[PDB]
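# Observations on the model geometry
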Amino acid sequence: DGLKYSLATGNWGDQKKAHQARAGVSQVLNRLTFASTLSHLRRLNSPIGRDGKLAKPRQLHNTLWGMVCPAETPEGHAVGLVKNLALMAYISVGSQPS
Amino acid sequence: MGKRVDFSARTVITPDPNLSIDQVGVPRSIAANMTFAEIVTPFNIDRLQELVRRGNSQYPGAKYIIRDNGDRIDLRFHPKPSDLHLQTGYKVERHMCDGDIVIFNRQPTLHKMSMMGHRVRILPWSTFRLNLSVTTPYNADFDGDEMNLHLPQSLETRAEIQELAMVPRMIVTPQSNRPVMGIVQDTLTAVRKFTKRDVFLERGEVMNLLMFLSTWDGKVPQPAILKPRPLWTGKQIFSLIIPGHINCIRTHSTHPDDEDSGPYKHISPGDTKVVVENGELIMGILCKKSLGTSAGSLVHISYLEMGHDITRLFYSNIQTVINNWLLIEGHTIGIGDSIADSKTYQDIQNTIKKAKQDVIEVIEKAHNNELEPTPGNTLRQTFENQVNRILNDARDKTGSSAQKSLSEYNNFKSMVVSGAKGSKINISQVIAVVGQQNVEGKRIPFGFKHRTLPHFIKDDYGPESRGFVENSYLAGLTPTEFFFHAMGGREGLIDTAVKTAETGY
Amino acid sequence: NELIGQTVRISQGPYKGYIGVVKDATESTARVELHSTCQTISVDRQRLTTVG
Amino acid sequence: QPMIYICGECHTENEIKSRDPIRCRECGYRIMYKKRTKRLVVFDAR
Amino acid sequence: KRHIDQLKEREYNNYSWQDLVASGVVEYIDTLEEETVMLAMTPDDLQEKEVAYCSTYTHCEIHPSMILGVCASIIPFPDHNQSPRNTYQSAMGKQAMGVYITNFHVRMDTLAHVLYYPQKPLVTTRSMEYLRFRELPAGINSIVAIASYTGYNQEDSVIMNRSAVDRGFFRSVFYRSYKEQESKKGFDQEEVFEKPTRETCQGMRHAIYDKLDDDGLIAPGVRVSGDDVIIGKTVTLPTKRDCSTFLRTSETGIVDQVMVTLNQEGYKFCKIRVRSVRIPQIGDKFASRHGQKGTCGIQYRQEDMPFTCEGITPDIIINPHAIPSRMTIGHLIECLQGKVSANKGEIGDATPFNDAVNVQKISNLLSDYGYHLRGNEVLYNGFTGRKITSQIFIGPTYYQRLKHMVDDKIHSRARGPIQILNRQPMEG
Amino acid sequence: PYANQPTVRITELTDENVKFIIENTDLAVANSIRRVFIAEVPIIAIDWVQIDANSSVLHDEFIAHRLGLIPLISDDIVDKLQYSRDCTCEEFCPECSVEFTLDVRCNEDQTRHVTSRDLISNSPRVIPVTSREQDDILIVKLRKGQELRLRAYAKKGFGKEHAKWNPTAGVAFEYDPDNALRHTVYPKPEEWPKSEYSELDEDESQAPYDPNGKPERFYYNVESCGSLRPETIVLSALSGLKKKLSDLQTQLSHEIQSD
Amino acid sequence: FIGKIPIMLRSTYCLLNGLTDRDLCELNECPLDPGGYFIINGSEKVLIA
Amino acid sequence: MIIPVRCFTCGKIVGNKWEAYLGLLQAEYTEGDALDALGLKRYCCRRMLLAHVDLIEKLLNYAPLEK
Amino acid sequence: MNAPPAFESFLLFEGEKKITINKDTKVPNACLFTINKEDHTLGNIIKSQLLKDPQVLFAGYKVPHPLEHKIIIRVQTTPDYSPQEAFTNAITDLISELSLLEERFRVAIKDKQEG
RNA sequence: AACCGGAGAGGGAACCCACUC
Ligand SMILES: [Mg+2]
Ligand SMILES: [Zn+2]
Ligand SMILES: [Zn+2]
Ligand SMILES: [Zn+2]
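As a starting point, this report considers the structure included with it.

Right, let's get into the overall build of chain C. Helix and strand content of chain C: 0 helices and 5 strands. The buried share of chain C, taken over its 52 residues, is 46%. The long-range share in chain C, meaning contacts at least 24 apart out of those at least 6 apart in sequence, stands at 28%. Accessible surface computed for chain C: about 2,500 Å², of which carbon and sulfur atoms make up 42%. Positive and negative side-chain charges in chain C, numbering 6 and 5 respectively, have mean positions lying 9 Å apart.

A separate point is the coordination of the zinc ion (ligand 4). Residue and element names in this part refer to chain H. In the first shell of the zinc ion (ligand 4), the protein supplies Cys7 (SG), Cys44 (SG) and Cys45 (SG), at 2.2 to 2.3 Å from the metal. In the primary sequence, the donor residues of the zinc ion (ligand 4) line up as C-x36-C-C. Placement of the pair is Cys7 in the segment before α1 (18-26) and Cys45 in helix α3 (residues 43-51), with a sequence separation of 38 residues. Among the residues examined, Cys7 registers a relative accessible area of 0% and is labelled buried. Among the residues examined, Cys45 registers a relative accessible area of 3% and is labelled buried.

What follows deals with the coordination of the zinc ion (ligand 2). Residues and elements named next belong to chain D. Summarising the metal site, the zinc ion (ligand 2) is bound by the protein donors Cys7 (SG), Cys24 (SG) and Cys27 (SG), whose distances to it range over 2.1 to 2.3 Å. Donor residues for the zinc ion (ligand 2) sit on one chain with the sequence pattern C-x16-C-x2-C. Placement of the pair is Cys7 in strand β1 (residues 4-7) and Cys27 in the loop between β2 (13-15) and β3 (32-33), with a sequence separation of 20 residues. Of the two residues, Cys7 and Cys27, neither departs from the other in class, the shared state being buried.

Residue and element names in this part refer to chain B. Contact geometry for helix α5 (residues 186-194) and helix α10 (residues 308-329): axes closest at 9 Å, N-to-C directions at 70°. It follows that α5 is roughly perpendicular to α10 by the angle criterion. Every pair of crossing elements has a handedness; the one defined by α5 and α10 is left-handed. Contacts between α5 and α10 pair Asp186, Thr187, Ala190, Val191, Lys193 and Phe194 from the former with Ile318, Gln319, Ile322, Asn323, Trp325, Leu326 and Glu329 from the latter.

Let us look at the pattern of salt bridges. Per the stated rule, a full pass over the model turns up 89 salt bridges over all chains. Here B:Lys449 ties to E:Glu35 by a salt bridge, and the two come within 2.8 Å at their closest N and O atoms. With B:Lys449 in the loop between β18 (435-436) and α15 (463-466) and E:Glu35 in the loop between α4 (31-34) and α5 (43-46), this pair bridges two chains. Note on B:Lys449: relative accessible area 54%, which makes it exposed.

Here the focus is the pairing of strand β4 (residues 40-44) of chain C. All names here are of chain C. Burial of β4 is one-sided: the residues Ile41 and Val43 facing one way are buried, the residues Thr40, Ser42 and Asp44 facing the other way are not. Bridge count between strand β3 (residues 29-34) and β4: 5 bridges; the pairing is antiparallel. If you follow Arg31 over to β4, its bridge partner there is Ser42. Hairpin geometry of β3 and β4 is characterised by an intervening segment of 5 residues between the two adjacent antiparallel strands.

The subject of this paragraph is the arrangement of the chains. Most contacts, among the 22 pairs of chains that meet, fall between chains B and E. Nothing in chain F touches chain G; the tightest C-alpha to C-alpha distance between them is still 14 Å. Nothing in chain B touches chain H, and the closest approach of their C-alpha atoms is 19 Å.

Further remarks concern a negative patch on the surface. A cluster of acidic side chains, namely B:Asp358, B:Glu361, B:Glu364, B:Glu370 and B:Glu372, defines a negative patch on the protein surface. Positionally, B:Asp358 belongs in helix α11 (residues 342-367).

Let us now look at the protein's contact with RNA strand J. Inspection of the region around RNA strand J gives 20 residues, with A:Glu75, B:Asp145, E:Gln95, E:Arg198 and E:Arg205 positioned closest. In the interface set of RNA strand J, defined as its atoms within 4 Å of the protein, sugar plus phosphate atoms amount to 57%. Contact between RNA strand J and A:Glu75: a phosphate oxygen at 2.7 Å from a side-chain N or O atom of the residue. At a separation of 3.0 Å, a sugar or linking oxygen of RNA strand J approaches a polar side-chain atom of B:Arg106. A breakdown of the residues in the surface near RNA strand J according to their chemical character gives 4 nonpolar, 7 polar and 9 charged.

A word on the nonpolar core. By size, the foremost hydrophobic cluster in this structure holds 176 residues, and its most contacted members are B:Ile335, E:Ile316, F:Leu67 and H:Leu49. Those residues in contact with H:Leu49, other than ones at most four positions away along the chain, are H:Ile3, H:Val14, H:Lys17, H:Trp18, H:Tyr21, H:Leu35, H:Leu38 and H:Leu40.

This brings us to the sheet that holds strand β6 (residues 191-193) of chain E. Residue and element names in this part refer to chain E. With respect to topology, 3 strands assemble into an open sheet ordered β6-β8-β9, the strand pairing being antiparallel. Two strands in the sheet have a free side with no partner beyond their single neighbour: β6 and β9 (240-242). Neighbour-to-neighbour, the strand axes of the sheet open up by a mean angle of 35°, direction not taken into account. Here strand β8 (residues 233-236) pairs with β9 via 3 bridges, running antiparallel. Looking at the pairing, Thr234 lines up with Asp242 of β9.

What follows concerns unusual backbone geometry. Positive phi, normally seen in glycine, also occurs at B:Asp271, with a value near 60°. With respect to the secondary-structure elements, B:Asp271 resides in the loop between β15 (248-251) and β16 (273-276).

Turning to the sheet that holds β15(B), a few remarks are in order. Residue and element names in this part refer to chain B. The sheet built from 3 strands is open, its strands ordered β15-β16-β17 with antiparallel pairing. Looking at the sheet topology across the chains shown, the edges are occupied by β15 and β17 (281-283). The mean inter-strand angle of the sheet, taken between neighbouring strand axes irrespective of direction, is 25°. Relative to β16, β15 runs antiparallel, the two being bridged by 4 bridges. Looking across to β16, one finds that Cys248 is bridged to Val276.

Before going further, it helps to examine the side chain of E:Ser288. Considering the arrangement of structural elements, one finds E:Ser288 in strand β14 (residues 285-288). Ignoring sequence-local partners within four residues, the contact set of E:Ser288 consists of E:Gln89, E:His331, E:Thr397, E:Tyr398, E:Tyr399 and E:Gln400.

Together, A:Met88, A:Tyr90, A:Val93, E:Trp17, E:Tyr28 and E:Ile62 line one region of the surface with nonpolar side chains, adding up to about 760 Å² of accessible area. Counting through the fold element by element, E:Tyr28 comes out in the loop between α3 (17-22) and α4.

How each quantity is defined
- Residues numbered from 1 in each chain as written, not as in the entry; some residues may be left out.
- Chains lettered and ligands numbered in written order.
- Part of a larger assembly, values for the part shown.
- Heavy atoms only, no water.
- Helix = DSSP H or I, 4+ residues; strand = E, 2+ residues; numbered from the N terminus.
- Buried < 20%, exposed > 50% of the residue type's maximum accessible area, 1.4 Å probe, protein only.
- Contact = heavy atoms within 4.5 Å.
- Areas by Shrake-Rupley, 256 points an atom, 1.4 Å probe, with all protein chains shown as cover.
- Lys, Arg positive; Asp, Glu negative; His and termini not counted.
- Charge placed at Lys NZ, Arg CZ, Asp CG, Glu CD.
- Donors = N, O, S within 2.8 Å, 3.2 Å for Na, K, Ca; no water.
- Axes fitted to C-alpha atoms, helices over the stretch in contact; angles between N-to-C directions.
- Parallel < 35°, antiparallel > 145°, perpendicular 65-115°, else oblique.
- Left-handed = near helix turned anticlockwise from the far one by under 90°.
- Salt bridge = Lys/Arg side-chain N within 4 Å of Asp/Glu carboxyl O.
- Pairing = 2+ DSSP bridges.
- Patch = residues over 30% accessible without salt bridge, like charges linked within 9 Å, V, L, I, M, F, W, Y side chains within 5 Å.
- Near = heavy atom within 4 Å.
- Polar contact = N/O pair within 3.5 Å; in protein donor to acceptor, adjacent residues only side chain to side chain.
- Nonpolar A, V, L, I, M, F, W, Y, C, P; charged D, E, K, R; others polar.
- Core = buried A, V, L, I, M, F, W, Y, C linked by side-chain atoms within 4.5 Å.

Written out as structure tokens, the structure is:
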């Protein structure tokens, strides 16, 4: 029931501390168009406070070259925080260093 | 301080150039919902007694009838024939109808020209429709913008809105003693082309255009050319549009400065001094500077000398008659308007190469310690300043060359000269050179260690390696330039969101 | 009312051939929600014919 | 009265009663789509 | 060449990408290692004897167009546009209505929009194949004329052909689904589906309950409108009080299907899907693949629209003033390339950074088919018949219909419901 | 102050299109005739659809929409019919509509193509355009077990109501092929290809300007959708416009004599 | 029995793993559907990275 | 979904050309040849057949809700 | 829900009149004709025929709003000639012109078939 | 041979997405 709650509401953490836990994870899959579904499955989120006056994190950095799409970001208050993934980008899954 | 209110609506807006500046078009569904309370009196007892008989089913009907008691009889749920009778003290809540006064606003209300009055006209489909000159104060765009409408519910507040906040009464703002509304978008461009010297209208085309003048006395003027065949002129008809006996002098956008000093001062070869005298256009070409929102324009003087009612008619007449002429003239933009003579491409290429060579030799001087710092500036600052100077000069020279290469028939020039849309730098960017991309005023920073991208050598200060885009939007951008351009546009997009939280506070 | 909720056919005028459902009815006219379109109109009882 | 439903798995038309636990008598399944209405339906060809 | 030869016959040799990695041909590079690498944008164009820039390249890129994302890989000629327009198109591509999934009829989901006749773009980038866009496309190849016709398109609006819409142009359908779960939630209190009776039920709306079946549910194929009973649910009163679910006010649709089952708690469960066909009307928001959004301003029949010598009347007219401020040259190039492709029969290629195609080549190709090499044409006024003095830019462009319809936004109020704490009108 | 005499000559007559030329008439008359071709020629198309069963993969309005666009051969019946709004008959009658039926069920394991041949008409003359190797208009595809039954009625209407009543596929209209009146101004006349009807040598780009000219020699190419014969479309259009003007004349005469 | 973990569609433990297109069409599933999302109370959830 | 009955712009009947168009594409006619083999000269009509995608076949792959 | 019916463009309700005549007070021998449920197809041909009349000082037409279905025709004539008879003469000449065109067209179509 | 209407329930908190600037 704990896993079901955390994946149904989006609050990542124990239910008893729901305000302390960060929200927004595990959103409802967008099912308007196939491109929308594909884009939603490939999305990175910066866990920095929105509505902030520091614009440095929101800027397009040089190191995004070939790994994060430069064109695709939401134009609202989350400009430069929610960013989509490049077409050939692959995220490492990790392995033992032994 | 703010709260939800009743008798308000909200929907998508769409243009309609066939309404007056003081009218707004509303759907029947919205009109049939919203009601206004009319107090019965022996004058309107018959009209209201038929209106109550019609009921809430038909659109021109009533919804409620309020009695002297405050009792509220509802007509939409099986009203008895007994209590449909009404006396001289009752109130009837009738549907909003043609001519009702309403308040209209776009939600970011920054100044008092955002909440203005309008007269209601009922139109078939689901959108609010308002005349295009009223777009400028509201800052509307018709690109999906929503605007909302409040209905005055009592006679006292209705009269106050009519006598204080009507659109035609708000033409001049006290913020900068300039008019707020002006001719805008495709009338402005069509006016500049319509009032040129070499515009001649046959008899039939004149009779059609006069059909769209509300303030016309039914007297066809004597044509400027009689005998080979009767031909009128654009100026000769625009004079009929100008109301009263207005007198003002304006200069066109492309007026050369030296023309006034030498001869031909009062007989302009370029038709570029606007002179209106005794309410008649004598000479000159009307542009943004003549019909826009600048101080001393033809609409400003019209409002100052004549009443607001006459100025309102002036706005409506210009739009209708010029829009009907643009049906014949036509106006477009295409891929042919962004192309150059092959001569100008070679000139642009040579200029870019010379500028790039100039940056290279500046770098060579800097490397050999042969660069002397500017007094009050450091070695890095003066190097940056010199490089920026060279690149800016190159962009300006290329832009001027592209501007000179443009022909008379070019549509980019038609929109820039009239001031309807675009600027002189957009043409240069499309045709000649996009320019230099800047982040925080400086060039593109070294985001990887000591270089901008992994495609560049370490410590590469050249124009290509730091954000200069030597291609045009017609020739497309190289991948490195494309990424740098994205970096530049991101900065402006961020500032748009950040700025509002400070300005509103 | 009896007519309210009874499926009716329009047999006269431009709307001839349209079926609908009487939402609200009076002794003079009735509101008919049309099946074909997403709109509810008002039609006099003389043009209506009960079906079923 | 009879109110035949359509089973979701084998698509068999079958009759099931008021508050009877939803079953398909041929199979271990419990999703039952209703049957298209019998009253007249008329469309404009616009 | 051997690697490409093996890969080209891949269906028969099962020589996949993994074998290419194992061969020592390609490598996976992350940001830390990308700081200390020397990249080459294109092998042929950057690894040659010339004026040496670097003689120690370490890696090369497979293709620059891979730096884009999923929504940004459907923009034709994205390097011929201002960068904010690309961002707007990336955002607006997520809202274009199309066929979102093949099995959309077995799927009971709220808020589904499907288009009648989707088309794949005439002008395509090579990366649309890997997104399967041509299998689930999201728009129509319309004929657009960039002209100022009657002033109803001025500020970012579009005029549309009424006759085209009458033929299925951009027509769509909207599915909304309702769920109800009767729940036994009390000592006496049991919810139950049934037809409420006027002598038994305590308090009910004015709506007619005759559309329900004895089961308490509507049969599919029944016309429904706002303030209609969709599910007749009553709870026993310790006579009975109804909790029936009404159709969403102004939703005004047709019942598509009704599904009855048991939830995981063993109670009866119902889902009802309702259709509504949406014909484009003025106020509906349309867009092009370059960030040129705009609502429909007016609809003229075929007779009213301007026509070429051939009786070709544009489906959409957009105002020329939208271009010079926005600088969406990719829009113009797409229109030109689309005309070439429709006449030639090929499908145009609009990959970014493809150096093999430019405006001059497309113009020369178009000149062979009897059209002005820059795409301009001579149109005739639809009302008077006199030929327009200027020449009009016209051709096929891929348009999208966004989900922001106008019937989903229009509303008014005149003494409706009131809040409970402070007695002010509700919100929403 | 009087009517001018125009002349006609046909340069191409086919079962598909008519191409012809009109001389000695005004631009407005030519444009109005071009306009009536598209909008105001009466034709027959199915407008009323009642679906009895539909197990296909397209919803009821999708099939009813596709049905509406199927052209029906209405050459001589359309003249003797009446508008449904004008028929004094309470219910559908043979003098104001044409009835269609369609009952198709797919039983075999092969996909069944429901085409226009499956529409069974009530009159022997008013049938789909596939009357007399080419295939027929595809309505829907049915899998094994699916079926659809429906009953339709065809009425008389013109383009002004809906585009399904539009008889013509393409109405090409031209006048003054070489820019003699110069109603349009070419910035570079060289780049513009010659018209089909132009009469100039390969060297000359456009005709010399003449200030006294008026638009004449209007070139028409009327291509039918297949419902009406290309040649009878024009006759019907001329008759309809003349009758429209005659009704206005009667109503004005009545108004003046009563005024 | 410790509990039940929600499982990701088209993952190595989903019932649709390794199925062919014909099998998916038999199960009323879209072959083009990329999976990668959870189903919870009959609603799709996507873990944003 | 399925081939439209009529061209949106022109109005020419294009609903009966889809099966013939596919048959000609089997026989190494190219699209530029197959299209004008069917009598589609205006590019407005040509784009209908050229850009149409037929999703009715994927929908028929699913088993019917009834039998 | 606010879309008007398709037949609204050409059908007259009960009580509406097809054509209404209003005298113009600004200038002598002027008149305004309002035609309900018509569009450019009829206004344009009437105006062009009127412009051919030597005794017509002014002739024009307009549609006040595209969403509405009404035409306004203004006719001014020299003082010896009523605008009402000018209008009826234009109509009766246009009708004759169209009838002649139809007859010639059908003769030509007959001659095209084996002639 | 003899009357035979009729309503009143949906609130708040939190989160996410999107839109116009
Ligand atoms: Mg806007
Ligand atoms: Zn079963
Ligand atoms: Zn009849
Ligand atoms: Zn076509």
